[PDB]
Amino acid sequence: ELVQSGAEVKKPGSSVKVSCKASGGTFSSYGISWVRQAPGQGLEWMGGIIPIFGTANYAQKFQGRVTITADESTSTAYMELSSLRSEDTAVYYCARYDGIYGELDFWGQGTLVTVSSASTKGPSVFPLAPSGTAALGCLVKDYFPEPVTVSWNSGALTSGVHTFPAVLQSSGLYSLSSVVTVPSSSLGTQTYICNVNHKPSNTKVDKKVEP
């Protein structure tokens, strides 16, 4: 596994520094690459590092705008991109490759970087109340930036769960609903909680959904 840092907002002109933490410590033999993905766009390679040497290649596009480093002690690598403009909003993935090959055999979970001159807001969570199957859910309204994770019963319920893509409202805040279909019969007995986490604002909220 490769563990990446949480998503962030940065204001235009500044610089971001994303962390990628390796498995166990045996990232000795292996390289680490940074590939980014702009929304609805392809995969774009920014650069690689072979950690035991602290040696970095970069794409021509990201010349001396990007700097990639490894931390030999606690086995983490970093991509630092500067002079962030609107175009740099993207998910930043780190991935591991073998120096004698080059396939990216393992990837980090992704790090969303929203380049915006707009402040971080945590969301409000409202219940979507129950109507032989019944829909119930949670509205997750007015947050910034993306993303927000939504789980049901701490992970006990995954079946029939649709969590929608966020919309950007005319206010410039994101909103999203997460719904679930369950048996009608279980309503007045099985209790249902939605577990919302907006990491950019340290907001964990758990909300019970009753009719």
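Numbering starts at 1 and follows the sequence shown.
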(request) Classify the number of deposited-sequence residues missing from the model between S131 and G132: none, 1 to 3, 4 to 9, or 10 or more. (result) 4 to 9
(request) Between 13 to 21 and 189 to 197, name whichever shows the higher mean Cα B factor according to the PDB entry. (result) 189 to 197
(request) Name the higher of the two by mean Cα B-factor in the PDB entry, 162 to 170 versus 147 to 155. (result) 147 to 155
(request) Could you say which of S29, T69, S178, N57 has its CA atom at the highest B factor, as listed in the PDB entry? (result) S29
(message) Out of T111, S75, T89, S124, whose C-alpha atom has the biggest B factor in the entry?
(response) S75
(request) Taking the chain's C-alpha temperature factors as the reference, tell me which third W45 falls into: lowest, middle or highest. (result) lowest
(message) Sorting by Cα B-factor within the chain, modelled residues only, which third would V115 end up in: lowest, middle or highest?
(response) middle
(message) Could you place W34 in the lowest, middle or highest third of its chain by Cα temperature factor, using the values in the record?
(response) lowest
